Ligand SMILES: COc1cnc(C(F)F)cc1-c1cc(C#CC2(O)CCOCC2)ccc1C(=O)Nc1nnc(C#CC2CC2)s1
Ligand SMILES: COc1cnc(C(F)F)cc1-c1cc(C#CC2(O)CCOCC2)ccc1C(=O)Nc1nnc(C#CC2CC2)s1
């Protein structure tokens, strides 16, 4: 239990040691074990893998990722496969409840994210809290395991965590990088004829789509069917339907994969590629850091990604997907280059990834100081400097500035001992950034004075996150929708701050320059557009109808859905801790409605993990209005309902599931819930 | 199963035949059975009696009375002991759900209330619906039983109900009357010497307390202790404490009973009297129609009750309490008179009660027409006249006026067939009078545009009933409280319509004359005062603090509490049916908080019938925050918690309950709830 930090190339079973360590620790010490993954998709995949691997040893695995949380108390859990942000929140709650001793280990995957990133600083704060608590209160307290690619300063990380060091460059399928600069058709024919898959990485979504289209066209001109038809049918019966370009590309063993698709379409395509049904997959940079999707040959369109040379870490994790362990002998990663791009390509071929920074006046430092002070682990400046010493920044005088910032804004109170007042405790529990918590407090307080209960829009405006630009707003369509809005929605629009003058300015004149800090008035109108999108979402309108009405594709709609669900949960916890009972009561429902995009009636019916928003409606419209009512039903009835040996329905982390046993599992899990 | 209507003097076991019939029908047909009582106190007493009687025969008895409702679905019930209005609502819901065939019989007690009364018309419409649905679809489907005093037109009632007729004047303790030679002291001395109790009836509250005072003083000057001390201690530990006058009146076997007291104090006094602990009880007119409280000698202070001769029905039910069946030989009811009051006294001594009216443009007819049309039992004018014929008024052309009234106000839609739109269905389900439902709709709709969620005052203003004058508002104190009000409450005050000008007018100038219909603005300020009282009630402040702060006594506070609880439940059902999900969500909690006068935290902890608002807090402050937590606890722990072989705590329908075994039932019923 002396911690550990090791690195190794992916596609070499590098997580096996971690799984072994969690198994041994959980079985011996009978203590919990977090498993921090960077992204929600890989987190879900790991959660399902661990569930399958440990279901036979009486180990409960259920993670805190995305907008979801385990249906059972954390006490019952044995392994929690959470994400970075939600793992930080979990550790904050454990510290708050003075039950940190339940934790036995914190396994962190993809530790290289500690460096430059908007979520790495959360990992740094999490690990710093682990180290500080472990050292202040002691051999076998809390083990930390790390993972990453080749890290230039991996030994620095091990020293910071006071852990071992193991670095090895060994992969069963030795990769053969080769840059080369007619013959394209011959190359495609000879690559496909070898009975191996190909993974292309293109910079643009549109260019990925078009390149997949031309490859499918060339395969058609130069020209298993049953399994490909099965995949096509699976794609057909989805809420977003089937994409026409994807329709004409899929049945030729060619497809595309980008953030524009929906999570279900991406999952279907990834599964088809994994089984070999899809031979060529044109993905984007997002898939590079996504699920484990090995390919015999990887190809990179151009090092220019988004008007800039491709990142070295991104390129490394792209080439890491070249080679199948068990069935393939060697792997190839081609990077086509041009006369002008030859220098950039040669630069990318050589050189390892850059060293890991710390990303620590800065909001990260304000957050860390708030976490320690509110958690009751560093109340005096004498020891807070010790926490600073524990940070990765130290191991590689802003505290006084940050502590004043918290006293200036009434996050903490001085007495020289420091304490939180109400917003310090409510800000930490909600896992909201202290910078945005002031605006959230001001907006929620203003809402409770004049709330509009006519519709769901005023509640949506308060749970709409504007921390990132999910889509480029088409202001002409927004103005048309505005002039077509009801009076009930226009009341909330005027209440929040939306003005027809600004909309008119944007409709014809160019987007107003937000050169001044007082011009958060632009954020209000973007937030109202987003809240209208969310209202259409939770009103259970189809994704395509939203896309036509608003211009946001289905992938962006789903991303906004997840962001709004997480933000609604966070705001609900904030209101609960602040003692706003009516606001919390109104916001409590919206987290699940936004997670699934359903109506109030289906909220109870979606507690069954095996029930989409569309599958909840067809069962609800039939007459099953409750999970208990589901438990009392024959399998044949639900099967005929779903209809109105072929694997046609898709569910996350599925198996050889068709509509026959899908009905069987719906009732079986309904019984389990009761 | 041919219905029945019988009459007999009270104290003659008139309910024995009804109990026999309900037992027979429930055991044979295995169908439900309603037991309609006029008042909540007598309804509770009858519910407990039926529970004790039929627990051993596997018959579940649970009543819909007051602000309470059974914790189990009506399907599981075997007998429902409901009140007139809640039985009417129950039958309306059964008609709406097309399950009136579930009933087996409807036993009605105190049928004479059908005449002049504000609640008899509900009984009339209830029985009219029963007999109409019986005749339309077959006459042995739902047996009806009746009870009353000597009705001059009992045969007419039986003919209306097409039922049998039995009228007997039999009482084992015959009542005597003879004038024989302030001549009250010797009367009291000789009545108390022979070891008998006395029940005095007085026309007011203050004079009742004063007469109790003088009687106790005389007994003290002219002179079981353990049981009286037990009663005194029971009165001691109550939320309202012990009355400064009752404290010195009780030890001498003398007490008083009026609406000013709390329900618990009235229950304690009644129980003490029934056991013989209290030898003299000065009650008021309310006790006349209350629980069964026999007394050897009844006395009536004066026929003038509230500036008018005592009612004949009221006098008959007063003298009905003269004579104990089983221990007494004869009973007497003295009516002291004066030279001027001799004529009124002799007039009231002779003569039976007046004939029963029907109390049917009138709001009762609008309600009946709405009930039949919305229930789907009379949708065409051809049959609605059949319903009119089925009424008691017919058996002893306004429909067209009422039907237009409902169409004018959009309660129903004509097509010639009639249907409800949304307010017709929402008005019937909520059991709200259609006359007040328009104001309720207008007020709720206005609230959902500018709701104030800072506090509970805006929710309270919408669940505050102003159907009766519960107290005389002291406007100087109200203006002072207004001056000291926070800004958050003043915001809702201005939103609802409260004005400083009107309060200033009332503070100094005489009460403004509401001679015009547009002066419902006076009702707004009374409603706001009542809503402030309710806010302090649900904030869990003591009754005495509210009385000092507002001037309303504890009895009036409790009456307003029950009225507001019932109205909150009704408004919640109204909002649910109208599709106002946020309003319903906000109003859902408040019914229980008003029923018990507790905070949000104790709502789950009061699900145990053996937990007051003070006992919920005492257990809650200790650490029991849930019924499940209460179940998992040793009896001795809860016993010591309550303490911080003597019966000192009081619960409704109690037995020889001591604190030692009181904690035993708290955990026992806590387990039963789970
Ligand atoms: C209160 O916080 C949440 C509530 N609810 C949800 C859920 F409903 F979605 C998610 C969160 C959450 C969101 C982010 C975030 C984030 C962004 O990156 C994206 C969205 O916008 C802001 C930035 C980070 C952390 C949390 C969080 O606290 N998680 C936890 N839940 N239980 C816990 C426990 C426990 C006891 C065992 C000890 S810890
Ligand atoms: C929806 O109506 C209520 C809701 N909730 C409460 C409770 F919470 F208090 C009480 C009522 C209620 C109040 C009055 C009244 C009255 C006033 O005299 C006093 C207050 O102000 C207006 C006049 C009259 C009737 C009802 C009522 O419908 N009862 C029922 N409940 N379940 C039922 C069923 C069923 C299925 C088996 C078939 S039927």
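Just so it is clear, none of the values below were taken in a lab; they were calculated from the coordinates. In this analysis, Cβ positions are derived from the backbone assuming ideal geometry, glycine residues included, and neighbour counts consider all displayed protein chains.
When A:519, A:257, B:625, B:223 are sorted by how many other C-beta atoms sit within 10 angstrom of their C-beta, beginning with the fewest, the order is B:223, A:519, B:625, A:257. Let me know the shape class of the protein assembly as shown, please: from the alpha-carbon gyration tensor, a ≥ b ≥ c as square roots of the eigenvalues, rounded when a/c is under 1.5, otherwise prolate if a/b is greater than b/c, or oblate. Judged from the Cα gyration tensor, the protein assembly as shown comes out prolate (a/c at least 1.5, a/b above b/c).
With an a/c value under 1.5 for the gyration tensor axes a ≥ b ≥ c computed over the alpha-carbon atoms, chain B is described as rounded. The peptide list A:579-587, B:367-375, put in order of mean Cβ contacts within 10 Å with the highest first, becomes B:367-375, A:579-587. Taking the inverse of the mean reciprocal distance over all distinct Cα pairs, the Kirkwood hydrodynamic radius of segment B:466-506 comes to 11.3 Å. Each part gets one Cα centre, and for segment A:544-582 versus segment B:548-620 those centres are 33 Å apart. Axis-proximal residue of chain B for the rotation onto chain A, reported as residue and distance in whole Å: B:451, 2, based on Cβ position. At residue B:407, label 7 Å along Cα→Cβ: distances to the other copies, nm, ascending? Result for residue B:407, in nm, nearest copy first: 7.7. Taken as Cα centroids, segment B:252-269 and segment B:505-519 sit 36 Å apart, rounded to the nearest whole angstrom. Cα centroid distance between segment A:136-197 and segment B:334-408, in Å? Between the Cα centre of segment A:136-197 and that of segment B:334-408, the gap is 89 Å.
State the antiparallel share, in %, of DSSP beta bridges confined to chain A, rounding to the nearest 5. Close to 10 percent. Computed per residue of the protein assembly as shown from DSSP H runs no shorter than four, each worth -39500 (n - 2.57), the mean residue ellipticity at 222 nm is -15500 deg cm²/dmol. Inter-label distance, residue B:186 to residue B:396: 4.8 nm, where each label sits 7 Å from its Cα along the C-beta direction. Inter-copy label distances for residue A:623: 5.0 nm (label point placed 7 Å from Cα along Cα→Cβ; shortest first). According to the Kirkwood relation over distinct C-alpha pairs, the hydrodynamic radius of segment A:1-115 is 14.4 Å. Among A:130, B:641, the order by Cβ neighbours within 10 angstrom, fewest to most, reads B:641, A:130. For the residues of A:450-460, the average number of beta carbons from a partner chain within 10 Å of their own beta carbon is 5.
Sorting B:208-215, A:442-449 by average packing, meaning the other beta carbons within 10 Å per residue, from highest down gives B:208-215, A:442-449. Between copies, the label points at residue B:183 (set 7 angstrom from Cα along Cα-to-Cβ) are spaced 13.6 nm, reported in nanometres from shortest to longest.
Of the residues A:184, B:231, the one with the fewest other Cβ atoms within 10 Å heads the list, and the complete ranking is A:184, B:231. The alpha carbons of segment A:103-203 stretch over 67, 30, 24 Å along the principal axes, in descending order. Checking the a/c ratio against 1.5 first, then a/b against b/c, what shape does the Cα gyration tensor give for segment B:507-596? Because a/c hits 1.5 or more and a/b fails to exceed b/c, segment B:507-596 counts as oblate.
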